[PDB]
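Only one structure is covered here, and it is reproduced in the block below.
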Amino acid sequence: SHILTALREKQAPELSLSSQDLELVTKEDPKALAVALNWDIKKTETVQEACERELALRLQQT
Numbered sequence: 239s240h241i242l243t244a245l246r247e248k249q250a251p252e253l254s255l256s257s258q259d260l261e262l263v264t265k266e267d268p269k270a271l272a273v274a275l276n277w278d279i280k281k282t283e284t285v286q287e288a289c290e291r292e293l294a295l296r297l298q299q300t
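Read left to right, the sequence shown gives residues 239 to 300 (the authors' numbering).
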C-alpha cells in the first residue's frame with residue numbers, strides 16, 4: 239500500500255525509483271498501473287511515459 243498510495247498519487251518512476259524499482263515499474267503495464275494509479279489511462283500512461291523518459295535519460299547520463 240505504501241508503494242501503491244504514492245503510485246496512485248505521486249510515485250516517481252523517473253528518477254526517484256532505483257534499478258529494480260524503475261524496472262518493475264517499467265513492467266507496470268497500463269493494465270496494472272491503471273488500477274494502482276486509478277486515473278485516466280492517457281493520464282496514468284503519461285505519468286509512466288515520463289517515468290521511462292527519465293529512466294534512459296539518467297542511464298545515458300553516465
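Quick reminder that beta carbons are idealized off the backbone N, C-alpha and C, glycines included.
Requested in this report: Name the two residues that bound the continuous alpha helix (DSSP H) containing residue 301.
Outcome: Residue numbering for the chain in the displayed model covers 239 to 300; residue 301 lies beyond these limits and cannot be assessed.
**Report entry** Contacts around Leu293, its chain only, beta-carbon distance under 6 Å, and the 5 residues preceding and following it disregarded
**Finding:** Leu260
Query raised in the report: Which residue comes first and which comes last in the alpha helix (DSSP H) that contains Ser256?
Result: First-last for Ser256: undefined, no H or E at that position.
Query raised in the report: Ordered along the chain, which non-local residues of its own chain (more than five positions away) have a Cβ less than 8 Å from that of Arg291?
Result: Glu252
Query raised in the report: Can you check whether the CB of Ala272 is closer than 8 Å to the CB of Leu245?
Result: no
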